[PDB]
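**Student:** Structure supplied as start_31.pdb; contents: PDB, C-alpha atoms and all ligand atoms.
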ATOM      1  CA  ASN D   1      -0.685  41.822  26.643  1.00  0.00           C
ATOM      2  CA  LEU D   2       0.826  39.388  24.045  1.00  0.00           C
ATOM      3  CA  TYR D   3      -0.219  35.847  23.276  1.00  0.00           C
ATOM      4  CA  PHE D   4       2.212  33.382  21.688  1.00  0.00           C
ATOM      5  CA  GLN D   5       1.656  29.884  20.243  1.00  0.00           C
ATOM      6  CA  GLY D   6       4.408  27.319  19.612  1.00  0.00           C
ATOM      7  CA  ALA D   7       6.179  27.779  16.221  1.00  0.00           C
ATOM      8  CA  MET D   8       8.402  24.757  16.025  1.00  0.00           C
ATOM      9  CA  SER D   9       7.550  22.638  12.929  1.00  0.00           C
ATOM     10  CA  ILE D  10       5.567  19.424  13.207  1.00  0.00           C
ATOM     11  CA  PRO D  11       8.018  16.477  13.040  1.00  0.00           C
ATOM     12  CA  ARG D  12       7.432  13.106  11.248  1.00  0.00           C
ATOM     13  CA  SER D  13       9.275  10.533  13.305  1.00  0.00           C
ATOM     14  CA  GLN D  14      10.160   6.913  12.650  1.00  0.00           C
ATOM     15  CA  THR D  15       8.449   4.875  15.313  1.00  0.00           C
ATOM     16  CA  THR D  16       7.239   1.372  16.098  1.00  0.00           C
ATOM     17  CA  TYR D  17       3.740   0.775  17.411  1.00  0.00           C
ATOM     18  CA  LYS D  18       2.555  -2.726  18.374  1.00  0.00           C
ATOM     19  CA  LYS D  19       5.636  -4.135  16.590  1.00  0.00           C
ATOM     20  CA  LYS D  20       4.952  -2.435  13.211  1.00  0.00           C
ATOM     21  CA  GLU D  21       7.123   0.340  11.767  1.00  0.00           C
ATOM     22  CA  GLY D  22       5.544   3.677  10.957  1.00  0.00           C
ATOM     23  CA  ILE D  23       5.523   7.452  11.345  1.00  0.00           C
ATOM     24  CA  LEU D  24       4.327   9.440  14.338  1.00  0.00           C
ATOM     25  CA  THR D  25       3.238  13.021  13.668  1.00  0.00           C
ATOM     26  CA  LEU D  26       0.439  15.491  14.411  1.00  0.00           C
ATOM     27  CA  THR D  27      -2.309  16.716  12.163  1.00  0.00           C
ATOM     28  CA  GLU D  28      -1.818  20.172  10.601  1.00  0.00           C
ATOM     29  CA  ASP D  29      -4.236  21.771  13.122  1.00  0.00           C
ATOM     30  CA  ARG D  30      -2.154  20.229  15.938  1.00  0.00           C
ATOM     31  CA  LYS D  31      -5.231  18.682  17.478  1.00  0.00           C
ATOM     32  CA  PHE D  32      -4.509  14.974  16.916  1.00  0.00           C
ATOM     33  CA  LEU D  33      -1.515  12.772  17.448  1.00  0.00           C
ATOM     34  CA  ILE D  34      -1.473  10.281  14.565  1.00  0.00           C
ATOM     35  CA  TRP D  35       0.553   7.171  13.834  1.00  0.00           C
ATOM     36  CA  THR D  36       0.591   5.602  10.372  1.00  0.00           C
ATOM     37  CA  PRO D  37       2.212   2.353   9.459  1.00  0.00           C
ATOM     38  CA  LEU D  38       4.837   2.224   6.690  1.00  0.00           C
ATOM     39  CA  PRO D  39       4.367   2.757   3.875  1.00  0.00           C
ATOM     40  CA  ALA D  40       2.587   5.758   5.346  1.00  0.00           C
ATOM     41  CA  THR D  41       0.259   6.359   2.385  1.00  0.00           C
ATOM     42  CA  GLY D  42      -2.775   4.865   4.117  1.00  0.00           C
ATOM     43  CA  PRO D  43      -4.811   6.339   6.918  1.00  0.00           C
ATOM     44  CA  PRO D  44      -3.527   6.563  10.547  1.00  0.00           C
ATOM     45  CA  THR D  45      -4.087   3.514  12.668  1.00  0.00           C
ATOM     46  CA  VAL D  46      -3.887   5.634  15.822  1.00  0.00           C
ATOM     47  CA  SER D  47      -5.548   9.042  16.049  1.00  0.00           C
ATOM     48  CA  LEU D  48      -5.507  10.498  19.590  1.00  0.00           C
ATOM     49  CA  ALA D  49      -7.177  13.845  20.161  1.00  0.00           C
ATOM     50  CA  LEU D  50      -4.851  15.941  22.339  1.00  0.00           C
ATOM     51  CA  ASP D  51      -8.006  16.853  24.330  1.00  0.00           C
ATOM     52  CA  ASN D  52      -8.246  13.197  25.432  1.00  0.00           C
ATOM     53  CA  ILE D  53      -4.605  12.773  26.441  1.00  0.00           C
ATOM     54  CA  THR D  54      -4.104  12.667  30.230  1.00  0.00           C
ATOM     55  CA  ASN D  55      -0.424  11.675  30.644  1.00  0.00           C
ATOM     56  CA  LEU D  56       2.850  11.637  28.760  1.00  0.00           C
ATOM     57  CA  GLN D  57       5.697   9.410  29.967  1.00  0.00           C
ATOM     58  CA  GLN D  58       9.113   8.360  28.622  1.00  0.00           C
ATOM     59  CA  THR D  59      11.773   5.759  29.111  1.00  0.00           C
ATOM     60  CA  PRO D  60      14.677   7.409  30.928  1.00  0.00           C
ATOM     61  CA  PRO D  61      17.839   8.241  28.874  1.00  0.00           C
ATOM     62  CA  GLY D  62      20.138   5.185  28.651  1.00  0.00           C
ATOM     63  CA  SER D  63      17.185   2.709  28.517  1.00  0.00           C
ATOM     64  CA  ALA D  64      17.277  -0.154  26.013  1.00  0.00           C
ATOM     65  CA  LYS D  65      14.555   1.547  23.996  1.00  0.00           C
ATOM     66  CA  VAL D  66      13.527   5.178  23.480  1.00  0.00           C
ATOM     67  CA  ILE D  67       9.734   5.085  24.117  1.00  0.00           C
ATOM     68  CA  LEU D  68       6.995   7.748  24.678  1.00  0.00           C
ATOM     69  CA  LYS D  69       3.851   6.451  26.303  1.00  0.00           C
ATOM     70  CA  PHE D  70       0.599   8.417  25.978  1.00  0.00           C
ATOM     71  CA  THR D  71      -2.397   7.778  28.211  1.00  0.00           C
ATOM     72  CA  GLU D  72      -5.893   8.571  27.158  1.00  0.00           C
ATOM     73  CA  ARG D  73      -8.988   9.360  29.149  1.00  0.00           C
ATOM     74  CA  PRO D  74     -10.991   6.299  30.073  1.00  0.00           C
ATOM     75  CA  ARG D  75     -13.541   5.083  27.545  1.00  0.00           C
ATOM     76  CA  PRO D  76     -17.193   5.883  28.498  1.00  0.00           C
ATOM     77  CA  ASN D  77     -18.336   2.450  29.704  1.00  0.00           C
ATOM     78  CA  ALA D  78     -14.974   1.127  30.889  1.00  0.00           C
ATOM     79  CA  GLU D  79     -15.072  -0.658  34.210  1.00  0.00           C
ATOM     80  CA  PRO D  80     -13.819   1.453  37.135  1.00  0.00           C
ATOM     81  CA  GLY D  81     -10.885  -0.932  37.924  1.00  0.00           C
ATOM     82  CA  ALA D  82      -9.637  -1.053  34.332  1.00  0.00           C
ATOM     83  CA  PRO D  83      -6.429   0.644  33.243  1.00  0.00           C
ATOM     84  CA  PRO D  84      -6.793   3.672  30.956  1.00  0.00           C
ATOM     85  CA  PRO D  85      -6.020   3.221  27.258  1.00  0.00           C
ATOM     86  CA  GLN D  86      -2.339   3.662  26.528  1.00  0.00           C
ATOM     87  CA  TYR D  87      -0.126   3.995  23.423  1.00  0.00           C
ATOM     88  CA  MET D  88       3.601   3.289  23.330  1.00  0.00           C
ATOM     89  CA  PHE D  89       5.735   4.578  20.474  1.00  0.00           C
ATOM     90  CA  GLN D  90       9.318   3.335  20.198  1.00  0.00           C
ATOM     91  CA  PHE D  91      11.597   5.812  18.397  1.00  0.00           C
ATOM     92  CA  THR D  92      13.806   3.957  15.927  1.00  0.00           C
ATOM     93  CA  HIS D  93      15.893   6.594  14.102  1.00  0.00           C
ATOM     94  CA  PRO D  94      19.280   4.961  14.459  1.00  0.00           C
ATOM     95  CA  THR D  95      21.073   8.103  15.743  1.00  0.00           C
ATOM     96  CA  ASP D  96      18.309  10.644  16.502  1.00  0.00           C
ATOM     97  CA  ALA D  97      15.698   8.426  18.319  1.00  0.00           C
ATOM     98  CA  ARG D  98      16.153  10.269  21.675  1.00  0.00           C
ATOM     99  CA  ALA D  99      16.275  13.734  20.100  1.00  0.00           C
ATOM    100  CA  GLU D 100      13.173  12.926  18.141  1.00  0.00           C
ATOM    101  CA  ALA D 101      11.333  11.691  21.196  1.00  0.00           C
ATOM    102  CA  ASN D 102      12.339  14.842  23.025  1.00  0.00           C
ATOM    103  CA  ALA D 103      11.032  17.057  20.176  1.00  0.00           C
ATOM    104  CA  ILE D 104       7.645  15.328  20.069  1.00  0.00           C
ATOM    105  CA  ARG D 105       7.441  15.319  23.885  1.00  0.00           C
ATOM    106  CA  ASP D 106       8.176  19.063  24.084  1.00  0.00           C
ATOM    107  CA  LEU D 107       5.693  19.961  21.355  1.00  0.00           C
ATOM    108  CA  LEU D 108       2.959  17.745  22.912  1.00  0.00           C
ATOM    109  CA  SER D 109       3.557  19.098  26.426  1.00  0.00           C
ATOM    110  CA  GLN D 110       3.257  22.717  25.132  1.00  0.00           C
ATOM    111  CA  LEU D 111       0.070  21.951  23.209  1.00  0.00           C
ATOM    112  CA  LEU D 112      -1.479  20.077  26.190  1.00  0.00           C
ATOM    113  CA  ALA D 113      -0.850  23.019  28.532  1.00  0.00           C
ATOM    114  CA  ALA D 114      -2.094  25.567  25.870  1.00  0.00           C
ATOM    115  CA  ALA D 115      -5.510  23.782  25.718  1.00  0.00           C
TER     116      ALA D 115
HETATM  117 CL    CL V 201      18.509   7.519  25.453  1.00  0.00          CL
HETATM  118 CL    CL V 202      11.041  20.286  28.466  1.00  0.00          CL
HETATM  119 CS    CS V 203      12.582  13.219  11.248  1.00  0.00          CS
HETATM  120 CS    CS V 204      -5.823  17.083  27.658  1.00  0.00          CS
HETATM  121 CS    CS V 205      -3.115  15.242  33.528  1.00  0.00          CS
HETATM  122 CS    CS V 206      18.651   3.898  23.685  1.00  0.00          CS
HETATM  123 CS    CS V 207     -15.384   4.815  32.791  1.00  0.00          CS
HETATM  124 CS    CS V 208      -2.916   0.408  22.736  1.00  0.00          CS
HETATM  125 CS    CS V 209      13.794   2.885  11.529  1.00  0.00          CS
HETATM  126 CS    CS V 210      -4.401  27.454  28.625  1.00  0.00          CS
END
What's the C-alpha cells form of this structure?
**Tutor:**
Amino acid sequence: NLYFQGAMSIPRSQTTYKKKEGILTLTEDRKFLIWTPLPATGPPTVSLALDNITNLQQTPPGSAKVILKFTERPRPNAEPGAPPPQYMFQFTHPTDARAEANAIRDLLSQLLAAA
C-alpha cells in the first residue's frame, strides 16, 4: 500500500558550533546535515552524511543552553578505545531556540529511520 516521505520544509537555524555563529540546515536532497559559519555565503564547515549518524541527543528543556549533539560512526583507523566523532550545535534564536532544535531533531529522526 502507500508510501509517504516527510514533507515539512528544511529549516535554516541560528546555531553556534565550536564557539562560532552560523546556520545549521540540510542539503536539498536531505542526505547531509550541514553547518556554515556566518556570513553563510561560504562552504559548510561541517557536512555529516545522515548515513554516518549513529546518535542524536539533546539538552533537556530548562537547561542553560539548547544543544543538539550528533554522533558519527567511528573513523576507519580510529583506535578502539577512542570516543566517536561528535558535533554539538547550540541553538541561539533568542525566543525560538528550543522550538528550532525540536524541528531539526524531529526531521533528522524521521530521515534516519527512513534510511
Ligand atoms: Cl529549553
Ligand atoms: Cl518526536
Ligand atoms: Cs529559522
Ligand atoms: Cs544512520
Ligand atoms: Cs543508532
Ligand atoms: Cs534555555
Ligand atoms: Cs575504528
Ligand atoms: Cs567536533
Ligand atoms: Cs543568534
Ligand atoms: Cs526504512
**Student:** Tell me which protein, DNA and RNA residues are within 8 Å of residue 88 (chain D), counting only C-alpha atoms, leaving out same-chain ones fewer than 3 positions away, and put them as a PDB file with C-alpha atoms, in the coordinates of the input.
**Tutor:**
ATOM      1  CA  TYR D  17       3.740   0.775  17.411  1.00  0.00           C
ATOM      2  CA  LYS D  18       2.555  -2.726  18.374  1.00  0.00           C
ATOM      3  CA  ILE D  67       9.734   5.085  24.117  1.00  0.00           C
ATOM      4  CA  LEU D  68       6.995   7.748  24.678  1.00  0.00           C
ATOM      5  CA  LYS D  69       3.851   6.451  26.303  1.00  0.00           C
ATOM      6  CA  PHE D  70       0.599   8.417  25.978  1.00  0.00           C
TER       7      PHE D  70
END
**Student:** From the list D:86, D:58, D:102, D:63, which residue is nearest ligand CS 206 (chain V) when using all atoms listed in the file?
**Tutor:**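 For ligand CS 206 (chain V), the nearest of the given residues is D:63.
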**Student:** Find the residues with any atom within 9 Å of (5.4, 23.7, 14.1); use only C-alpha atoms and the coordinates as given in the file, and write the answer as a list in words.
**Tutor:** residues 6, 7, 8, 9, 10, 11, 28, 30 and 107 of chain D
**Student:** At a cut-off of 9 Å around ligand CS 203 (chain V), and using all atoms listed in the file, what residues come up? Please write them as JSON, numbers by chain.
**Tutor:** {"D": [11, 12, 13, 14, 93, 96, 100]}
**Student:** So what do you get for CA of residue 94 (chain D) versus atom CS of ligand CS 206 (chain V), distance-wise?
**Tutor:**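 Going from CA of residue 94 (chain D) over to atom CS of ligand CS 206 (chain V) covers 9.3 Å.
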**Student:** Rounded to one decimal, what separation in Å do you get between CA of residue 48 (chain D) and CA of residue 113 (chain D)?
**Tutor:**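 Atom-to-atom, CA of residue 48 (chain D) to CA of residue 113 (chain D), that is 16.1 Å.
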**Student:** Taking into account all atoms listed in the file, which residue in the set D:97, D:103, D:114, D:108 is nearest to ligand CS 206 (chain V)?
**Tutor:**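 Among the listed residues, D:97 lies closest to ligand CS 206 (chain V).
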**Student:** Report, in Å with one decimal, the straight-line distance from atom CS of ligand CS 205 (chain V) to CA of residue 92 (chain D).
**Tutor:**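 According to the coordinates, atom CS of ligand CS 205 (chain V) and CA of residue 92 (chain D) are separated by 26.9 Å.
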**Student:** Between D:112, D:91, D:64, D:55, single out the one closest to residue 23 (chain D), counting all atoms listed in the file.
**Tutor:**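 Closest candidate: D:91.
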**Student:** Could you produce a table of the residues of chain D lying within 8 Å of ligand CL 201 (chain V), with the nearest pair of atoms per residue and their separation in Å rounded to one decimal, using all atoms listed in the file, ordered by chain and increasing residue number, as a Markdown table?
**Tutor:**
| residue | atom | partner | partner_atom | distance |
| --- | --- | --- | --- | --- |
| D:59 | CA | V:CL201 | CL | 7.9 |
| D:60 | CA | V:CL201 | CL | 6.7 |
| D:61 | CA | V:CL201 | CL | 3.6 |
| D:62 | CA | V:CL201 | CL | 4.3 |
| D:63 | CA | V:CL201 | CL | 5.9 |
| D:64 | CA | V:CL201 | CL | 7.8 |
| D:65 | CA | V:CL201 | CL | 7.3 |
| D:66 | CA | V:CL201 | CL | 5.8 |
| D:97 | CA | V:CL201 | CL | 7.7 |
| D:98 | CA | V:CL201 | CL | 5.2 |
**Student:** List all protein, DNA and RNA residues that have an atom no more than 12 Å from any atom of ligand CS 205 (chain V), counting all atoms listed in the file, and report them as a PyMOL selection string.
**Tutor:** chain D and resi 50-57+70-73+109+112-113+115
**Student:** With all atoms listed in the file counted, collect every polymer residue having an atom within 9 Å of ligand CS 207 (chain V); state the result as a PyMOL selection string.
**Tutor:** chain D and resi 73-82+84
**Student:** Could you save the residues just selected, with C-alpha atoms, as a CSV table (one decimal), in the frame of the given file?
**Tutor:**
chain,number,residue,atom,x,y,z
D,73,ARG,CA,-9.0,9.4,29.1
D,74,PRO,CA,-11.0,6.3,30.1
D,75,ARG,CA,-13.5,5.1,27.5
D,76,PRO,CA,-17.2,5.9,28.5
D,77,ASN,CA,-18.3,2.4,29.7
D,78,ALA,CA,-15.0,1.1,30.9
D,79,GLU,CA,-15.1,-0.7,34.2
D,80,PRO,CA,-13.8,1.5,37.1
D,81,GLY,CA,-10.9,-0.9,37.9
D,82,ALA,CA,-9.6,-1.1,34.3
D,84,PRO,CA,-6.8,3.7,31.0
**Student:** Between D:110, D:90, D:25, D:36, which one has atoms that come closest to ligand CS 210 (chain V), using only C-alpha atoms and all ligand atoms?
**Tutor:**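 The closest residue to ligand CS 210 (chain V) is D:110.
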**Student:** Which of these, D:99, D:31, D:104, D:46, has the shortest distance to ligand CS 208 (chain V) once you count all atoms listed in the file?
**Tutor:**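 With all atoms listed in the file as the atom set, the closest residue is D:46.
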**Student:** Closest to ligand CS 210 (chain V) among D:111, D:87, D:38, D:47, using only C-alpha atoms and all ligand atoms?
**Tutor:**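 Comparing D:111, D:87, D:38, D:47 against ligand CS 210 (chain V), the winner is D:111.
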**Student:** With 4 Å on each side, where is the centre of the axis-aligned box around all listed atoms of region 39-47 of chain D, and how long are its edges in Å to one decimal, as lines of an AutoDock Vina configuration file?
**Tutor:**
center_x = -0.6
center_y = 5.9
center_z = 9.2
size_x = 17.9
size_y = 14.3
size_z = 21.7
**Student:** Fix up region 35-49 of chain D with N, CA and C atoms, then write it as a tab-separated table (two decimals), keeping the file's coordinate frame.
**Tutor:**
chain	number	residue	atom	x	y	z
D	35	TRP	N	-0.49	8.11	14.19
D	35	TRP	CA	0.55	7.17	13.83
D	35	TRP	C	0.06	6.34	12.66
D	36	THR	N	0.88	6.27	11.63
D	36	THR	CA	0.59	5.60	10.37
D	36	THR	C	1.63	4.57	10.09
D	37	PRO	N	1.22	3.32	9.76
D	37	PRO	CA	2.21	2.35	9.46
D	37	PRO	C	2.89	2.56	8.08
D	38	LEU	N	4.11	2.05	7.92
D	38	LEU	CA	4.84	2.22	6.69
D	38	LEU	C	4.15	1.20	5.73
D	39	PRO	N	4.11	1.49	4.44
D	39	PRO	CA	4.37	2.76	3.88
D	39	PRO	C	3.17	3.59	4.35
D	40	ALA	N	3.48	4.80	4.76
D	40	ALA	CA	2.59	5.76	5.35
D	40	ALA	C	1.69	6.51	4.35
D	41	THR	N	1.23	5.79	3.36
D	41	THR	CA	0.26	6.36	2.38
D	41	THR	C	-1.18	6.03	2.72
D	42	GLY	N	-1.44	5.09	3.64
D	42	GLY	CA	-2.78	4.86	4.12
D	42	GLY	C	-3.17	5.75	5.25
D	43	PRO	N	-4.36	5.52	5.81
D	43	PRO	CA	-4.81	6.34	6.92
D	43	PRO	C	-4.11	5.97	8.24
D	44	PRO	N	-4.11	6.88	9.24
D	44	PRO	CA	-3.53	6.56	10.55
D	44	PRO	C	-4.23	5.39	11.17
D	45	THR	N	-3.48	4.55	11.84
D	45	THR	CA	-4.09	3.51	12.67
D	45	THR	C	-4.34	3.95	14.10
D	46	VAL	N	-3.66	5.01	14.52
D	46	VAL	CA	-3.89	5.63	15.82
D	46	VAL	C	-4.15	7.10	15.56
D	47	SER	N	-5.23	7.61	16.12
D	47	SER	CA	-5.55	9.04	16.05
D	47	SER	C	-6.06	9.41	17.46
D	48	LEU	N	-5.20	10.09	18.24
D	48	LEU	CA	-5.51	10.50	19.59
D	48	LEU	C	-5.72	11.98	19.70
D	49	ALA	N	-6.91	12.42	20.09
D	49	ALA	CA	-7.18	13.84	20.16
D	49	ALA	C	-6.35	14.38	21.32
